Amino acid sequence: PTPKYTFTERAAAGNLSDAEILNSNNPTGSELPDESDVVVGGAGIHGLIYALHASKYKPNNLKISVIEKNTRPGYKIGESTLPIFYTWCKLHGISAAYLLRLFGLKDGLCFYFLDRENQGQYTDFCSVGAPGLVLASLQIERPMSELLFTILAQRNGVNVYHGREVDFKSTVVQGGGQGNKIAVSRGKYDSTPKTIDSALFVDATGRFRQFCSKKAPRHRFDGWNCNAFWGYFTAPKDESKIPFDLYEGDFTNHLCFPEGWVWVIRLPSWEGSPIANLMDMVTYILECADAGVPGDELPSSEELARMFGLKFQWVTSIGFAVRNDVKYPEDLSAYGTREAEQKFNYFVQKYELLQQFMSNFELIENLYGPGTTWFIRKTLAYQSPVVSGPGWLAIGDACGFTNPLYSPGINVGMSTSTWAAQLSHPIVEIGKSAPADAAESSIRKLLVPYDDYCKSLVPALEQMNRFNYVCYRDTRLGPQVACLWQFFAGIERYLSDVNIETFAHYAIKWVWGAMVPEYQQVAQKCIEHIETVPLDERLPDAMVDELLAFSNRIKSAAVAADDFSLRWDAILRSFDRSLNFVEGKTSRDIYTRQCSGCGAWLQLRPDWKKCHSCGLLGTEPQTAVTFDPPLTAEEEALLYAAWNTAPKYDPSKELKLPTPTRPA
């Protein structure tokens, strides 16, 4: 396809503002509709996932308007995504060759556990991704992911309105047929607000809980919560002076210690790019996905940035998520002038390994505009007691949140967001086909399982988070208990069978394994023990022994009872074919390589001979996957064959759950 510059030229021709050039790609035009079936408040990642999944599940059934107050896709924290998310993207027609032009390759999760009382000592835990011909995971700059999903939404019959705000003072939400009058202005100063008459409102305003806060006070869990402070840094081409052995920048890296952990995420950034230009680049990418352009004939990231006049650079997102019962020194002016900067640099110097680690990265000033060198956020975890009612329902962060650890935000949160999307078709149709009272009763009951799932989802994630945190207080419990149980309970079994029709059902059954009984049984024993040891103390050695033995005993039984075949020793670098810890084991599969030219990480697959990021051609042998233990010629062609295309819909198929087999 010849690249078009439709939006770049349209913007200059009319001197259009950022929100006007975006809203001009709407199927129903740039002004608001008089009526819609569903109005979505907030075009964050979940509002857009909701709208894309609702129209893809049942096209041409619901008119859907997404309202977003930002004039363009704004900055968001939350960049790490997981296989269920890539699978969703693929089911919506965008495979890795194209997504990698925009986002960073993620090849699993790595953890390092720093010993507090013995500075310099550490342990690790590594779990890999998948071969190039199986799937990928993504590190996403959020302004770009939400631009991609805006454009995809607009090409699938959804209108998205940036620079427009839901006014929750004058908006009316009701259960009476088509009872909703959604007031939409350009801001508080705006004399002429518009109304969108609608059947169903979707609160997707994130942690702000703009609508559902009207129905219940935000709810906080017992005990300590977490604080976060973070910033953006250069991404070194040469990751070899990093102080951790076998470090790779294409994992999501977790530096863990008694007070909490640090995330390290390598992702490309498109800041400094005109919005209209990005619209043309994205559009062209979708046209190449529609045409089926092979990866080696698709332009590289840097070549796209030349073509469309964009700005492109590699950065590292580094941040702390720590407990809020940490005692800080009273005066921290030696470490900075803002609190975020102060606490970040105070913690770094607390650990020689963190300081040695950070010494490979150069801070980036105000990557996302003025004041954005440092971010801080306090009291992360919360739950919305009420998530639905007559005329409305909430999704994503507006239902609850816990912690960045294991990325439940996007990847678990899309369970509520896709299920809501599916439930939206009968919700609107009930309202169009029965009188008001019966319609209301039928809808209320239809949503009972949705509210129940939401009510139980966040507390299970909270217990999962505390489980991991208390185990990060010791360099053996971290990898051999917490991490081990998270991947056994939470690895996504049978994900290659998911399609658009079963996605929501499969997603709500996952929950990162946080509902698996044996997982919760080990989690409760650790939390029950470790929480009694005060944070500023080291865990007694006998307590670690006891917890290690208890976990291992429960583990052997639940592992034997799992009928899902996995090359566990190839996936967990520290463990064998059962999930036994092995002291010296270093062997794993190798699915990636670093470009020698730009430092970007690449998937090893035969049909991709060039770097997708800078275009530099590598040697032919390099793109050979390493299977350790090995796979024959037929075992590998058998593996790649399952992950090619998702199966069609069979409404008489049983859904195979991602969680391990019950012991019976």
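Numbering starts at 1 and follows the sequence shown.
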| item | value |
| --- | --- |
| 26-34 versus 634-642 - greater average Cα B-factor per the deposited record | 634-642 |
| Selected stretch [higher average CA B-factor]: 265-273 or 563-571 | 563-571 |
| Residue with highest C-alpha B-factor in the PDB entry, from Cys212, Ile590, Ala523, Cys226 | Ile590 |
| Residue with maximal Cα B-factor (values as given in the PDB entry) among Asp107, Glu259, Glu531, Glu440 | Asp107 |
| Modelled-residue ranking by C-alpha temperature factor, third containing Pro73 | lowest |
| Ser65, C-alpha B-factor rank within chain (lowest, middle or highest third) | lowest |
| Chain-relative CA temperature factor third for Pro629 | highest |
| Among modelled residues of the same chain, the CA temperature factor third for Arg338 | highest |
| Ranked C-alpha temperature factor of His53 among modelled chain residues, by third | lowest |
